[PDB]
């Protein structure tokens, strides 16, 4: 369908870092779907991304650098090398701000 687009700025916290896990990448397809987008696989509770990003968000850009068809390692390095702040633009399924969504 047509996905929602959102931009956030996350701030590092001790232990958590930015508080997200990253999967996908051109070299790292989902074992079923074959999807290669960089994706948010975990949003750590109590961390800086809770209430900012959702699991299964697709990462489009980090600090001005496109994540389109990039390698897994490249996306992880772009986030790990960020300063105090990281600007992240994602795509999210429509209704993805909620647990439940139903089409009628």
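Numbering follows the first chain given and starts at 1. Definition used throughout: the rigid core is the maximal C-alpha set that superposes within 1.5 Å between two forms.
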Do the Cα atoms of 84 to 92 or those of 8 to 16 sit farther, on average, from the shown form in 5 other deposited structures of this protein after fitting on the core?
8 to 16
Higher Cα RMS in 5 other deposited structures of this protein relative to the shown form (core alignment), 34 to 42 or 65 to 73, goes to 34 to 42
Please compare 63 to 71 with 35 to 43 and name the stretch with the higher mean C-alpha B-factor in the deposited structure.
63 to 71
State which stretch shows the higher mean Cα B factor in the entry: 2 to 10 or 95 to 103.
2 to 10
Quick check for you: using the entry's CA B-factors within this chain, is residue 78 in the lowest, middle or highest third?
highest
Relative to the other modelled residues of the same chain, rank the CA B-factor of residue 85 and answer lowest, middle or highest third.
highest
